[PDB]
Amino acid sequence: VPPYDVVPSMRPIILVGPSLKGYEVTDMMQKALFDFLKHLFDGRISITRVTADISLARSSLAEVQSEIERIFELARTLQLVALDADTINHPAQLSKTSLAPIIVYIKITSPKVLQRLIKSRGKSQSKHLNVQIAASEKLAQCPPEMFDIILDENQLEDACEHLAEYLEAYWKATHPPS
Amino acid sequence: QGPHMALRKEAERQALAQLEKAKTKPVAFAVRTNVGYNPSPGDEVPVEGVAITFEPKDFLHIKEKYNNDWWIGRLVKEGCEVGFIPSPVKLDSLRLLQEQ
Amino acid sequence: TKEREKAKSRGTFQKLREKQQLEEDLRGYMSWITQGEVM
């Protein structure tokens, strides 16, 4: 085990799991958080789509490394980098990587609330009921300190303010005063 | 005593002048610590005391490489300042010197 | 007495404030879906 393992200069924010990605439940609630940060830290952020399955470090080894070293180039100018990754749903899904994401834990506090949100998205989401509550139960069993930001607030103003100060404070630790 | 204190007191101020202009030099890369460190008297820092000490899983904004025994960077933390980061071959040599 | 020797002997109050607590979660998290899919 070497002591030093090459991370980017600015860790990319990972928005994980109200439920499984690939559905109307998960992504649209995450689409609130790419909407918030796009103009809250506007001028100090780089928000990008991650199409390649970066958990493999299926997508080939040249495609993933190209997306790996892109994020190495995105965090080069001391700017906040955000990732719109669709394959990523778990902390251990990216434990082995040298990216070290600021894993942001969107939590619905009760599973009864979530299954009411699945019925409201339509019957085309009702065909996927128990598969969605499965991985959110996994993340409810996941340890809290293995994440970085744990969000359980219902108002967008509440969880995003909790989001805003934690991304401003990390901007201060990455930018010491003169 | 007298003959040794002329080179062994300017080598600190040559490294502190290496330390004082390094605070504006850009961040080269950053690493993830897999061990911890505390600076000792026998660690032989060119500037005694100004080096940093970290715990496990920390992040070091490596500004630059001081010599083959030390780097220059800072722990990524509010209020913390630039210090001396040991290179891994020096962290290996600080393990061998304890056994012998 | 009847406020704490009918309902406290029952426990309807926890049932009522739960459903209100879910009512804040329904209104809370529906708005993010409401905000997200249009933007």
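Residues numbered from 1 in each chain as written, not as in the entry; some residues may be left out. Chains lettered and ligands numbered in written order. Part of a larger assembly, values for the part shown. Heavy atoms only, no water. Residues with missing side-chain atoms left out of burial classes, pairs and counts.

Peer 1: Sorry, what's going on with the interface of chain C and chain A here?
Peer 2: Bring the parts together and some accessible area is lost; that lost area is often taken as the interface size. Contact residues are listed per partner, giving 14 residues for chain C and 18 residues for chain A. For the side of chain C that touches chain A, the residue count by class is seven nonpolar, three polar and four charged. (Contact = heavy atoms within 4.5 Å. Nonpolar A, V, L, I, M, F, W, Y, C, P; charged D, E, K, R; others polar.)

Peer 1: Can you walk me through the interface of chain A and chain B in this structure?
Peer 2: Chain A puts 19 residues into the contact, and the matching count from chain B is 22 residues. Elements represented by at least two residues in the side of chain A that touches chain B include exactly β1 (4–7) and α6 (156–174) of chain A. Here β1 of chain A runs beside strand β1 (residues 29–33) of chain B; their pairing, made up of four bridges, is antiparallel. Considered in β1 of chain B, the bridge of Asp 5 of chain A is made with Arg 32 of chain B. (Helix = DSSP H or I, 4+ residues; strand = E, 2+ residues; numbered from the N terminus. Pairing = 2+ DSSP bridges.)

Peer 1: Explanation requested: the side chain of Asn 154 of chain A in the structure shown.
Peer 2: Residue position: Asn 154 of chain A is located in the loop between β6 (149–151) and α6. Within polar-contact distance, the side chain of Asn 154 of chain A engages the backbone oxygen of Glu 24 of chain C at 2.7 Å. Leaving out residues up to four positions away in the same chain, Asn 154 of chain A has contacts with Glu 24, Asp 25, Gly 28, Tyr 29 and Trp 32 of chain C. (Polar contact = N/O pair within 3.5 Å; in protein donor to acceptor, adjacent residues only side chain to side chain.)

Peer 1: For this particular structure, what's the right way to read the environment of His 175 of chain A?
Peer 2: All names here are of chain A. Structurally, the position occupied by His 175 is in the segment after α6. Put simply, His 175 and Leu 83 are 92 residues apart on the chain and 21 Å apart in space, counted from C-alpha to C-alpha. Every residue in contact with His 175, bar those within four places of it in the chain, is listed here: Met 10 and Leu 78. A distance of 3.2 Å separates a polar side-chain atom of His 175 from the backbone oxygen of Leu 78. At 3.0 Å, the side chain of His 175 forms a polar contact with the side chain of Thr 174.

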